[PDB]
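Worksheet: the structure to be examined is printed underneath.
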Amino acid sequence: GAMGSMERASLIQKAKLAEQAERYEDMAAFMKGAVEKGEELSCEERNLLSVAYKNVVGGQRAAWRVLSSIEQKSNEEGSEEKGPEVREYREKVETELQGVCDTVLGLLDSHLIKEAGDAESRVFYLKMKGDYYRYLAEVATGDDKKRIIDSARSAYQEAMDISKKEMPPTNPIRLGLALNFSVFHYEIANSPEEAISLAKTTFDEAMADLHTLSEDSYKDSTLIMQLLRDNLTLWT
Amino acid sequence: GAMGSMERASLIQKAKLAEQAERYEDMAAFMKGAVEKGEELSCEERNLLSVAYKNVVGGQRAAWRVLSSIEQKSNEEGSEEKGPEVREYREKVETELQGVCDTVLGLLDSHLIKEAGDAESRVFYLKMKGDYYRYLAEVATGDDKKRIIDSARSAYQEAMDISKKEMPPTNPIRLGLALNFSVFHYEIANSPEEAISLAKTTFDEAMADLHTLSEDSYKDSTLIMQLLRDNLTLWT
Amino acid sequence: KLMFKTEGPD
Amino acid sequence: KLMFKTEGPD
Ligand SMILES: *SCc1cc(N[C@@H](C)CN)c2cc(C(=N)N)sc2c1
Ligand SMILES: *SCc1cc(N[C@@H](C)CN)c2cc(C(=N)N)sc2c1
Ligand SMILES: [Cl-]
Ligand SMILES: [Cl-]
Ligand SMILES: [Mg+2]
Ligand SMILES: [Mg+2]
Ligand SMILES: [Mg+2]
Ligand SMILES: [Mg+2]
């Protein structure tokens with residue numbers, strides 16, 4: 001694509017520079033270009049890809065929620081009409097967000113997931129697929145909302161099955177997956193009891209496996225366990 | 001341009017929404033579109049324009065400094081060559097920064113400044129012209145660095161002359177101008193004593209005029225006076 | 001909206 | 001680089 005003439009290694013190097021510069025749109029374009037070289041990604045390269053797009057879409061979601069809230073305020077009873085502008089600009093941001101999600105899902109489909117044989121890579125990518133369908137679901141309202149949700153559910157569920165079979169309970173990828181799937185359940189699928197159950201079981205099974213870890217792995221796993229607890233504290 | 005088909009009022013409304021969403025690239029494009037409608041800007045619209053582009057270029061300057069520092073590290077004695085990538089990406093960001101500065105300077109030249117008759121509008125725009133030549137000077141290294149610097153100096157100086165003739169010493173536009181011109185002197189023109197003198201005189205003449213102000217104007221002026229003091233504390 | 005904790009940045 | 005204070009945001 002736009003990055004077809006740059007070396008894979010240079011794109012990865014420049015993704016790392018862009019991260020240091022907090023240039024996440026650049027970071028994402030470089031990692032898109034690296035993915036499209038057609039080689040599978042290393043653990044570090046997968047994380048560069050995810051961090052880049054997570055930062056880009058995070059900005060769009062934050063903006064969308066601001067605009068959505070204004071728009072709902074402007075449609076409540078007793079509100080001075082202000083015309084189409086809020087709706088139009090909310091749609092503008094929403095469309096750009098959906099474009100980013102579609103781009104990421106395209107990379108996963110063509111062909112990161114099908115070439116990911118190892119559990120740590122396949123679970124990572126399936127979690128990402130669930131995540132970006134979840135971001136689509138956050139803004140969906142039409143005849144495709146239910147299918148978007150089920151696409152997220154299906155991706156998360158395949159990732160859960162593999163992780164439960166192939167990874168220890170403290171594996172940070174497995175833990176981050178369960179965290180995000182539980183949030184899916186809570187506020188996307190409107191299944192709060194499923195969300196709470198998944199988070200508790202995930203936390204408790206990790207806690208019982210911490211004894212097997214080095215100090216560095218312990219730090220990685222407990223960091224995500226704290227997020228599970230943070231949510232449970234709000235949900236219970 | 002790209003915004004030629006949107007109403008002026010809608011562009012201003014959407015600039016304000018983008019500010020609330022922290023979508024400053026959008027904010028800048030909307031205000032560019034509003035300027036190109038050809039009407040002069042109100043005080044609020046001038047500030048929307050400035051805030052938008054200040055946020056955009058601020059991100060680019062922060063990124064450029066990160067990349068420039070890495071690049072200088074990679075050219076010090078005893079450093080493992082890493083190839084052209086740091087220089088290339090620093091150039092990429094630098095070129096985008098220069099493009100933003102050229103866009104702003106184009107708006108000022110065509111035709112904000114020539115149509116600005118009042119002191120508060122003409123000083124505002126001339127200060128902006130000095131500012132965006134200053135951002136160009138921060139990254140300039142070639143046969144045009146001296147002329148870029150003199151362009152900044154010339155714009156700031158015309159703005160200073162008008163402000164001294166037409167505005168009270170506490171006028172926030174006049175104060176922000178003097179702040180920025182003093183920083184120009186200090187680190188662009190390598191004239192630290194001019195910088196210190198301008199900041200002290202500006203601070204002291206404002207301090208003696210505060211008694212004329214309402215509580216709201218007092219708050220506006222003292223906010224910028226504190227920035228003058230902050231710099232003087234580091235410079236003396 | 002109250003955003004719950006999910007993996008990774010922002 | 002140590003950035004000195006200038007007018008306005010960022
Ligand atoms: S697989 C080695 C690796 C792990 C991480 N992140 C861990 C905390 C697990 N996700 C990682 C982050 C990177 C980045 N933000 N540049 S690179 C990298 C490598
Ligand atoms: S002229 C009225 C006016 C003033 C400001 N800023 C003052 C603190 C002086 N620069 C202003 C800022 C705006 C914004 N960030 N939206 S709008 C507006 C109007
Ligand atoms: Cl729009
Ligand atoms: Cl580049
Ligand atoms: Mg090659
Ligand atoms: Mg839509
Ligand atoms: Mg019209
Ligand atoms: Mg250059």
Side-chain angles (χ1 to χ4, degrees), chain A residues 12-13 15-20 22 24 27 30-31 41-55 64 67-68 71 87-99 101 118 120-121 123-124 127-128 136 138-142 145 148 170-177 179 216-217 219-224, chain B residues 12-13 15-20 22 24 27 30-31 41-55 118 120-121 123-124 127-128 170-177 179 216-217 219-224, chain C residues 7-10, chain D residues 7-10:
Chain A
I12 298 302
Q13 182 179 354
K16 292 169 191 180
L17 293 168
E19 183 178 25
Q20 296 180 71
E22 295 181 5
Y24 296 106
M27 195 188 175
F30 292 139
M31 288 314 298
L41 303 200
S42 67
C43 180
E44 183 181 23
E45 299 164 351
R46 294 194 292 274
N47 276 282
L48 291 166
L49 179 70
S50 179
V51 165
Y53 277 107
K54 181 75 191 306
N55 274 101
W64 185 92
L67 298 178
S68 190
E71 185 186 13
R87 177 193 50 85
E88 287 170 348
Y89 184 46
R90 188 269 297 154
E91 286 177 348
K92 176 188 180 146
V93 174
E94 177 175 306
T95 297
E96 281 178 27
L97 186 155
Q98 288 165 329
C101 293
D118 294 350
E120 165 142 345
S121 66
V123 173
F124 186 100
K127 177 193 160 294
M128 280 191 80
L136 290 178
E138 289 180 338
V139 311
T141 59
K145 164 123 163 199
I148 291 174
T170 47
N171 181 285
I173 299 157
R174 174 168 172 185
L175 294 175
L177 167 61
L179 180 67
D216 292 345
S217 298
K219 185 181 176 66
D220 289 334
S221 303
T222 58
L223 190 61
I224 303 160
Chain B
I12 298 302
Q13 182 179 354
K16 292 169 191 180
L17 293 168
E19 183 178 25
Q20 296 180 71
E22 295 181 5
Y24 296 106
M27 195 188 175
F30 292 139
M31 288 314 298
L41 303 200
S42 67
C43 180
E44 183 181 23
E45 299 164 351
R46 294 194 292 274
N47 276 282
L48 291 166
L49 179 70
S50 179
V51 165
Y53 277 107
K54 181 75 191 306
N55 274 101
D118 294 350
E120 165 142 345
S121 66
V123 173
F124 186 100
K127 177 193 160 294
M128 280 191 80
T170 47
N171 181 285
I173 299 157
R174 174 168 172 185
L175 294 175
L177 167 61
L179 180 67
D216 292 345
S217 298
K219 185 181 176 66
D220 289 334
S221 303
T222 58
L223 190 61
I224 303 160
Chain C
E7 178 272 328
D10 181 324
Chain D
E7 178 272 328
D10 181 324

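For the numbers below, each heavy atom of this structure counts, side chains included, while hydrogens, waters and symmetry mates do not. As the structure lists them, so they are numbered: ligands from 1, and atoms in each ligand from 1. Just so we're on the same page: letters track the sequence lines, and every chain starts at 1.
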Using side-chain contact (heavy atoms from CB on, under 4.5 Å) as the criterion, point out the one residue from A/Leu136, A/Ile148, A/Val139 that pairs with A/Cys101.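 The passing option is A/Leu136.
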
CG of B/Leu17 to CE of B/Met27: how many Å apart, nearest 0.5 Å?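 The distance works out to 10.5 Å.
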
Are there any protein N/O/S atoms under 2.8 Å from the Mg ion (ligand 6), and if so, which?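 Those protein N, O or S atoms (cut-off: under 2.8 Å from the Mg ion (ligand 6)) are A/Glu94 OE2.
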
Taking CD in B/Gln20 as the centre, count heavy atoms belonging to other residues, nucleotides or ligands within less than 6.0 Å. Is the count above 12?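 Counting neighbours around CD of B/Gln20, more than 12 heavy atoms of other residues, nucleotides or ligands fall under 6.0 Å, so yes.
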
Is it true that a side-chain atom of A/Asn171 and a backbone atom of A/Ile173 form a donor plus acceptor pair closer than 3.5 Å?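 Yes: the side chain of A/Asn171 pairs with the backbone of A/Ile173.
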
Donor-acceptor pair, side chain of A/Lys127 and main chain of A/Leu177, under 3.5 angstrom: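 No, because the side chain of A/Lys127 does not come within donor-acceptor range (under 3.5 Å) of the backbone of A/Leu177.
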
Chi angles and distances behind the side-chain contact (heavy atoms from CB on, under 4.5 Å) call for A/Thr95, A/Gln98: CA-CA 5 Å; A/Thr95 297; A/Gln98 288 165 329; 4.3 Å; yes

Could you pull out all residues at least two apart from A/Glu94 that satisfy side-chain hydrogen bond (donor to acceptor under 3.5 Å, both in side chains)?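 Checked A/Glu94 against side-chain hydrogen bond (donor to acceptor under 3.5 Å, both in side chains); matches are A/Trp64, A/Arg90.
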
Please list, chain by chain and in numerical order, all residues satisfying side-chain hydrogen bond (donor to acceptor under 3.5 Å, both in side chains) with A/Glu45, sequence neighbours excluded.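 side-chain hydrogen bond (donor to acceptor under 3.5 Å, both in side chains) check on A/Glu45 returns A/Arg8, A/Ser42.
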
After noting the C-alpha distance and the side-chain angles of B/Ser221 and B/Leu175, does the key distance pass the side-chain contact (heavy atoms from CB on, under 4.5 Å) rule? CA-CA 7 Å; B/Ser221 303; B/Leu175 294 175; 4.0 Å; yes

Could you give the N/O to N/O pairs under 3.5 Å linking ligand 1 and the protein, each with its distance?
{"from": "ligand 1", "atom 1": "10 (N)", "to": "A/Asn47", "atom 2": "OD1", "distance (Å)": "2.9"}
{"from": "ligand 1", "atom 1": "15 (N)", "to": "A/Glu19", "atom 2": "OE2", "distance (Å)": "2.7"}
{"from": "ligand 1", "atom 1": "16 (N)", "to": "A/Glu19", "atom 2": "OE1", "distance (Å)": "2.8"}

